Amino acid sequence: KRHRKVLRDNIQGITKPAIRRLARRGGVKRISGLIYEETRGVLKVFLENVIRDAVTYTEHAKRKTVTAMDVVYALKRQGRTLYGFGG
């Protein structure tokens, strides 16, 4: 296997309009300019926590592929039970 591009700064892929949309679904009408970076930071923590546990389940099973079930179990452990993906 040759090369594999370096992943960096992808938190910026969570754009201002996407965050605005999520806040609209949450019933928000007006948004301070500082909210976007704050939301990215909160999403990163949320994702690090769920992904850490999901990958822990992946390693325990000695797999190299993170499954939908590894995520469902990780979400359940965190009190964020998710229906619809085998869980």
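Don't overthink the numbering: it's just position in the shown sequence, from 1. Rigid core: the largest C-alpha set superposing within 1.5 Å between the two forms.
Relative to the displayed structure, the C-alphas of 9-17 lie farther away on average in 4 other deposited structures of this protein than those of the other candidate, with 9-17 and 71-79 compared after rigid core superposition. If you average the C-alpha B-factors over 76-84 and over 1-9, the higher value belongs to 1-9. Higher mean CA temperature factor, per the PDB entry, when comparing 31-39 with 57-65: 57-65. Among the modelled residues of its chain, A23 has a C-alpha B-factor that falls in the lowest third according to the deposited record.
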